[PDB]
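Engineer: take this sequence and fold it.
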Amino acid sequence: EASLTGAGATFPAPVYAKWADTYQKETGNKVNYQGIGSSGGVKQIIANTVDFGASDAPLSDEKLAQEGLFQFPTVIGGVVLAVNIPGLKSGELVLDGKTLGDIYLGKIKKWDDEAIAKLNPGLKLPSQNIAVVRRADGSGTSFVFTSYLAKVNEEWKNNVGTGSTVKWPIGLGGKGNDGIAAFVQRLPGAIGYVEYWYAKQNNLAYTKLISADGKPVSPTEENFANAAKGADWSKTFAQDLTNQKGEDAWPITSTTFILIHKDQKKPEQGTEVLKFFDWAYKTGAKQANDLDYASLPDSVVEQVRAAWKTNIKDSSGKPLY
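Structural biologist: Numbering: from 1, shown residues only. Below you will find the coordinate block:
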């Protein structure tokens, strides 16, 4: 039995934690996962403080090469807007990209703003102030969210841009996906972006969103999967899954990554990290789906396995998979 340590993205922390627990029950191996945000995860893996780091934001092939790291995707999740609006049921409210961006820009101050009312004809909206919540910590979810906003709101794109950390025009800072979930729960009128699980498991109402094709879609495991249908995984694991074309394609979808060293100084640890994720690929789909994360296609797991064989080695050049 091995004691493994991973750290980073809170976006997939629920599934990593479920997997870790099941893995220990079946094999005794212990995987400790620390949800510190993707930025912290990349920092920790580079400093060799953990066996694997985790980030929703992919590192470029050049950055990976400069750092001697290898990155592989695990699951597909979705970012949703958790809200606390008086009188509204979860999934009742519909927002499109431009209006969502105007909300994050601080231009739309009330829930019954004309722009929101037009996207929701017949929906009774309260004159409640919108309490914008965003991430305090360096975040892969912020990267995905701002990548999306830049595509649908020019003002956002030009003034704030995209990143794991950005100069938020407005909004209170929550620490981690759970921090934003907690804020939304205690703040009437709040809106905050979180990985789907954080909304669902905290019984937070969330909104529908207009797809890239122009249609209202609900955030569901299948709709996150739909957003990745046009992904040419063959080309790279670093797939952009925001605002993708297609029927029922959730617009703020994303995969997430695990970062490990190619040259394993502690080869038993590396070997065990690969076995945990391999077991997850072959055995953990039901657990991932149960937590509303879509599974990576089998072809993609085969690519990961093939890449592990050629990229992960000990100091003597011997493959750890």
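Engineer: spell out, range by range, the strands that occur in the stretch 1-150 of the chain.
Structural biologist: Here the stretch 1-150 of the chain has its strands, by DSSP state E, counting those that start in this stretch, at 3-8, 30-35, 52-55, 69-83, 94-95, 131-135.
Engineer: any chance of CSV for those, columns distance to residue 235?
Structural biologist: From N, CA and C alone the C-beta is placed, and that goes for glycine too. Compiled in CSV, the strands of the stretch 1-150 of the chain are given as follows (distance: least, C-beta to C-beta, whole Å):
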stretch, distance to residue 235
strand 3-8, 24
strand 30-35, 29
strand 52-55, 20
strand 69-83, 13
strand 94-95, 32
strand 131-135, 30
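Engineer: tell me which of the ones you listed sits nearest to residue 198.
Structural biologist: Checking those against residue 198 by C-beta to C-beta gives strand 69-83 as the closest, at 6.9 Å.
Engineer: in CSV, list the strands of the stretch 1-150 of the chain along with mean neighbour count and distance to residue 248.
Structural biologist: Below are the strands of the stretch 1-150 of the chain laid out as CSV (neighbours: other C-beta atoms under 10 Å; distance: least, C-beta to C-beta, whole Å):
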stretch, mean neighbour count, distance to residue 248
strand 3-8, 22, 30
strand 30-35, 18, 29
strand 52-55, 28, 27
strand 69-83, 26, 12
strand 94-95, 20, 14
strand 131-135, 24, 27
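Engineer: compare those and give me the one nearest residue 110.
Structural biologist: Closest among these, using C-beta to C-beta: strand 131-135, at 11.1 Å.
Engineer: other residues contacting the closest one?
Structural biologist: The contact list for strand 131-135 (C-beta atoms under 8 Å, 6 or more residues apart in numbering) reads 37, 84, 103-104, 106, 141-142, 168, 170-176, 179-180, 183-184, 187-193.
Engineer: how about 7 Å then?
Structural biologist: 103-104, 141-142, 168, 170-174, 180, 183-184, 187, 189-192 (C-beta atoms under 7 Å, 6 or more residues apart in numbering).
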